[PDB]
Amino acid sequence: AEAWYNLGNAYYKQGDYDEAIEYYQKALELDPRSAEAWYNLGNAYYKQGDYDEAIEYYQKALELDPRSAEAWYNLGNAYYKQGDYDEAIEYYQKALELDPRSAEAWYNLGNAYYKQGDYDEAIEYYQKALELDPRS
Ligand SMILES: [Ca+2]
Ligand SMILES: [Ca+2]
Ligand SMILES: [Ca+2]
Ligand SMILES: [Ca+2]
Ligand SMILES: [Ca+2]
Ligand SMILES: [Ca+2]
């Protein structure tokens, strides 16, 4: 499974998402417990704009590695990109429980409240992000 996975990765890194998907599927045939292959299959679908499918695969990754702050954050992002800001909030909160020093997750939580039109909550979360990383 690991060799098919790394071939998929090489195709992903050169922007060839169709090929990445084919080789992650082959990895998952050989090892259905690869949280990494489910996650990167999600990412490949995310890059194609296929957020519905990205969410399915991130959920499978999180069944195997529920302590994946990465999968929780990208699951949030897949809802954010669809305009599903209240769903994004739930998954960003889960990412931040696992990694409370993620400036990214605090910032995107603030963005989700901003998009909901809750500016006072956006301010609170942006202030927390900027406390962690004041350079953006
Ligand atoms: Ca659909
Ligand atoms: Ca849909
Ligand atoms: Ca489809
Ligand atoms: Ca983890
Ligand atoms: Ca949608
Ligand atoms: Ca909603």
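Estimated from helical segments only, the mean residue ellipticity of the chain at 222 nm is -25000 deg cm²/dmol, where each DSSP H run of four or more residues counts as -39500 (n - 2.57). The simple Förster model, with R0 at 35 Å and r as the Cβ-Cβ distance, assigns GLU90 and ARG33 a FRET efficiency of 0.85. Bridgeable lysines around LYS47 (alpha carbons under 17 Å apart, same-chain partners fewer than 8 residues away excluded): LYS13, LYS81. When all alpha carbon pairs of the range 1-66 are counted in 10 Å bins from zero, the resulting P(r) reads 27, 56, 16 %.
The long axis of helix 119-132 is offset from the longest Cα principal axis of the chain by roughly 70 degrees. In a simple Cβ point-charge model (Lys, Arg +1; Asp, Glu -1; nothing else charged), the chain has a dipole of about 340 debye relative to its Cα centre. Label reach from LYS81 (point 7 Å along Cα→C-beta): in the range 97-136, amide nitrogens under 19 Å belong to 104-113, 115.
Its relative contact order, with pairs defined as Cα atoms under 8 Å and 6+ residues apart, puts the chain at 14 percent.
With distances taken between every two different alpha-carbon atoms, the range 13-136 has a Kirkwood hydrodynamic radius of 15.0 Å. In the calculated pair-distance distribution of the range 78-136, the portion above 17 angstrom amounts to 32 percent of the Cα-Cα pairs.
None of the figures in this text is laboratory data; all of them are computed from the coordinates on show. For neighbour counting, all protein chains shown are included, and Cβ atoms are generated from backbone atoms with ideal geometry for every residue, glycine included.
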